[PDB]
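Written below as structure tokens is the structure these notes are about.
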Amino acid sequence: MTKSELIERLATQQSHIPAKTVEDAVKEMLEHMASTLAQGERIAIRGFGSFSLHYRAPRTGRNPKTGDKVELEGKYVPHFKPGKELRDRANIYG
Amino acid sequence: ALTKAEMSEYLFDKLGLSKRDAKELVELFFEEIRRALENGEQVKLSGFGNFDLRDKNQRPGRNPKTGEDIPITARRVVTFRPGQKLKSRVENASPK
DNA sequence: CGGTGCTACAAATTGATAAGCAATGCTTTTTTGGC
DNA sequence: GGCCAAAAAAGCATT
DNA sequence: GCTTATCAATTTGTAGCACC
């Protein structure tokens, strides 16, 4: 399911909500989640999961193709931790 | 931290929607992601990231407190793979 | 709009196994905006 | 909502 | 080819949010 397919599905189900509105909302929410993480703030959705940021110390990386070295400054990367319900519903193996 | 309440708010202000719709929409949003996932389908949200499913076999584990070796039962877990666009907007983030 | 009880959630701890990734040119998929 | 060409993003290699 | 994540059981303090 792609971003668009997500919109269509939501739009289909709801008959009392304009599709164009659903499109705006979805796009907005995501951009909201994005800015939040880029601001250094975490996301907490009880039941679904939580988005945070993990630090990556500086390291003398490499160019996997040429082997040449490359200095890499410290940085932050996104990290998601599935909520209970999400874990349970996703794990088909009882 | 960011919550559905806050998200519902932004939808209320920026897009001017009823606090009812701005509330349900949020729930539906995540519920639709959960659904797609429980049905074994991959979720690819361009501009953000992908929620892929991986099937992990069983492996050796233990009781962190004591040390009682216990096998981590096989299972299907949900993972998140952020895209470059998102990764770039966060690499220089300052933990608030 | 607002107080709050219920619980999911965060942090921690050890150690074997799994997952992810530094650069970047080329390919493929998804989004975009006019009609 | 569909067509389509171009842009944007992601995917591949290997990441 | 190396760094980071995954997860077990148990406790303890925190906070999302459904339900009044």
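Heavy atoms only: backbone and side chains are in, while hydrogens, waters and symmetry mates are out. Letters go in sequence order (proteins before strands), and every chain restarts at 1.
Here A:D68 lies out of heavy-atom contact (under 4.0 Å) with every strand. A:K75 comes within 4.0 angstrom of the backbone, heavy atoms only, and of no base.
The phosphate of C:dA22 (OP1 or OP2) has no side-chain N or O of A:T60 nearer than 4.0 angstrom. The shortest distance between the side-chain N/O atoms of B:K65 and the OP1/OP2 oxygens of E:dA8 is not below 4.0 Å. The phosphate of C:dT31 has OP1 or OP2 within less than 4.0 Å of a side-chain N or O from A:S4.
Picking from C:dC1, C:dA11, E:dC17 the nucleotide with the shortest atom distance to the side chain of B:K19 gives C:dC1. Among the nucleotides C:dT30, E:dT6, D:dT14, the one closest to the side chain of A:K65 is D:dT14. Nearest to the side chain of A:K3, among E:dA5, C:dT31, C:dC21, sits C:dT31. Closest to the side chain of B:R54, from the set C:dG20, C:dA10, D:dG11, is C:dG20. Looking at the side chain of B:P60, the nearest of the listed nucleotides E:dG16, C:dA16, C:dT31 is C:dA16. Counting only heavy atoms from C-beta on, B:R62 has its side chain closest to C:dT14 among D:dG11, C:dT32, C:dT14. Residue B:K56 has its side chain nearest to E:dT6 when only E:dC17, E:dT6, C:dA22 are considered. Of the candidate nucleotides E:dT6, E:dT10, C:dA10, E:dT6 has the atom lying nearest to any side-chain atom of A:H79.
For the pair B:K44 NZ and D:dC12 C1', the computed distance is 13 Å after rounding to whole Å. Rounded to whole Å, atom P of E:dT11 lies 10 Å from atom CG of B:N63. The separation between A:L6 atom CG and C:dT30 atom P is 14 Å, rounded to whole Å. Computed from coordinates, the A:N63 CG to D:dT15 P distance equals 15 Å when rounded to whole Å.
Near DNA chain C, meaning a heavy atom under 4.0 Å from it, residues 68-85 of chain B has B:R81 in order of number.
The base of C:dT7 sits within donor-acceptor range of the side chain of A:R46, with an N or O pair under 3.5 Å.
Atom CD of A:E71 is surrounded by more than 12 heavy atoms from other residues, nucleotides or ligands within 6.0 Å.
Mapping B:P64 and A:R59 onto DNA chain E by nearest heavy atom places A:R59 closer to the 5' end of the strand. Across the interface with DNA chain C, nearest-nucleotide mapping of A:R87 and B:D52 shows A:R87 to be the residue nearer the 5′ end. Of the two residues near DNA chain C, A:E71 and A:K84, the one whose nearest nucleotide lies more 5' is A:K84.
Using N1 to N3 plus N6-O4 or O6-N4 for Watson-Crick, or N1-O2 and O6-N3 for G-U wobble, each under 3.5 Å, D:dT15 pairs with nothing. Under the Watson-Crick or G-U wobble criterion, with both distances below 3.5 Å, C:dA22 has no partner in any strand shown.
Atom name P, nucleotides C:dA8 and E:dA8: the rounded distance is 15 Å, in whole Å.
Remark: bases of strand neighbours C:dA22 and C:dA23 are unstacked by the 5.5 Å centre distance and 30° plane angle definition.
We find the OG1-CZ distance between B:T79 and A:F80 to be 9.5 Å, quoted to the nearest 0.5 Å.
For B:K65, the side-chain hydrogen bond (donor to acceptor under 3.5 Å, both in side chains) criterion is met by no residue, not counting sequence neighbours.
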